[PDB]
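Read off the chains here:
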Amino acid sequence: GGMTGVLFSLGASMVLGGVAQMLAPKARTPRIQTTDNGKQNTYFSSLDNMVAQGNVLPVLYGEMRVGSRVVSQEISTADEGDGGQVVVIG
Amino acid sequence: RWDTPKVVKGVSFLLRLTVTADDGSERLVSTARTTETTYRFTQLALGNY
């Protein structure tokens, strides 16, 4: 137990994947679909309304106009009324 | 013409017209699926419907 044989140095065994990978951990590209055609969406953009069923609530960090997750949509009859008494319908 | 009731998502209006026959039965004259609240019928004949 005094000695520690089999030092087993690791050099190119970790370089073999690439050198910038051992300084920066790289990024994950999304999966490409077919019905989506060629619109390569990323993981930090959403310009359409989503559905909030058993999903997570997204967060925003700066600028970059985004869509939303619809929680309630309803149509009723538009009653006549303003912020006052002027209610002419002639 | 009518009003829009309580609604989820979106709605369309389906309207059909029936004409009472001479013996007592019914005759269907056309049908329409629309989105506008107001509809107009033109060139109608016979009596009650």
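Above this text sits the structure in question.
Reading the values: the criteria
Residues numbered from 1 in each chain as written, not as in the entry; some residues may be left out. Chains lettered and ligands numbered in written order. Part of a larger assembly, values for the part shown. Heavy atoms only, no water. Helix = DSSP H or I, 4+ residues; strand = E, 2+ residues; numbered from the N terminus. Rg over C-alpha atoms; globule rule 2.2 N^0.38 Å. Buried < 20%, exposed > 50% of the residue type's maximum accessible area, 1.4 Å probe, protein only. Areas by Shrake-Rupley, 256 points an atom, 1.4 Å probe, with all protein chains shown as cover. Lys, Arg positive; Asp, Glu negative; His and termini not counted. Charge placed at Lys NZ, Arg CZ, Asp CG, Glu CD. Contact = heavy atoms within 4.5 Å. Buried area = accessible area lost by both parts, 1.4 Å probe. Salt bridge = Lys/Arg side-chain N within 4 Å of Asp/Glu carboxyl O. Polar contact = N/O pair within 3.5 Å; in protein donor to acceptor, adjacent residues only side chain to side chain. Nonpolar A, V, L, I, M, F, W, Y, C, P; charged D, E, K, R; others polar. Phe/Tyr/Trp six-rings, centres within 6.5 Å; stacked < 30°, edge-to-face > 60°. Pairing = 2+ DSSP bridges.

**Q** So what's going on with the overall build of chain A? Which residues, and what values?
**A** Looking only at helices and strands, one finds one helix and three strands in chain A. Each helix and strand of chain A, ordered N terminal to C terminal, gives the series α-β-β-β. What you see for chain A is a C-alpha radius of gyration of 28 Å, clearly larger than the 12 Å of a compact globule of 90 residues, by over 25%. When burial is assessed residue by residue, chain A has 0% of its 90 residues classed as buried. When the accessible surface of chain A is totalled, it reaches about 9,200 Å², and 59% of it is carbon and sulfur. One finds the centroid of the 6 positive side-chain charges in chain A at a distance of 28 Å from the centroid of its 7 negative side-chain charges.

**Q** Talk me through the interface of chain A and chain B; I want residue IDs and the actual numbers.
**A** Tallying the contact residues gives five residues for chain A and eight residues for chain B. When chain A packs against chain B, close to 560 Å² is buried across both sides, 42% of that on carbon and sulfur atoms. It is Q73(A), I75(A) and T77(A) that lose the most area in chain A upon contact with chain B, and together they represent 76% of the buried surface on that side. Remark: the boundary between chain A and chain B carries one salt bridge. Taking the shortest distance from any N to any O, the salt bridge between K6(B) and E74(A) comes out at 2.7 Å. Taken together, the connections running from chain A to chain B amount to four residue pairs in polar contact. Partitioned by chemical class, the residues of the side of chain A that touches chain B number one nonpolar, three polar and one charged.

**Q** Describe in detail unusual backbone geometry, supporting the description with residues and values.
**A** Although it is not a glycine, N37(A) adopts a positive phi angle of roughly 65°. Take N37(A): it is sitting in the loop between α1 (12-15) and β1 (49-51). Note on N37(A): relative accessible area 70%, which makes it exposed. For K9(B), which is not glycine, the phi torsion reads 60° and is therefore positive. Relative to the helices and strands, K9(B) resides in the loop between β1 (7-8) and β2 (13-20).

**Q** Account for the packing of aromatic side chains, with residues named and values stated.
**A** Residues and elements named next belong to chain B. Throughout the structure, instances matching the rule amount to two aromatic pairs over all chains. When the centroid spacing of 5.4 Å and the interplanar angle of 65° are considered together, the rings of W2 and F13 count as edge-to-face. Within this pair, whereas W2 is found in the segment before β1, its partner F13 is found in strand β2, the two being separated by 11 residues in sequence. On the basis of relative accessibility, which here comes to 34%, the residue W2 falls in the partly exposed class.

**Q** Kindly report on the side chain of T34(B), identifying the contributing residues and their values.
**A** By the secondary structure assignment, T34(B) is in strand β3 (residues 26-34). A residue is classified by how much of its surface remains accessible, and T34(B), at 16% relative accessible area, is buried.

**Q** Pulling in residues and values, what's your account of the pairing of β3(B)?
**A** All names here are of chain B. When β2 meets β3, the two strands line up antiparallel, connected through eight bridges. Following the sheet pairing, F13 is matched in β3 by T34. Between β2 and β3, which pair antiparallel one after the other, the connecting turn spans five residues, and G24 there sits at a positive phi close to 135°.

**Q** Now, about the environment of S25(B): what can you tell me, with residues and values included?
**A** Residues and elements named next belong to chain B. Within the fold, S25 resides in the loop between β2 and β3. You can call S25 partly exposed: its relative accessible area is 31%. Apart from residues no more than four positions distant in its own chain, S25 is found in contact with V19 and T20.

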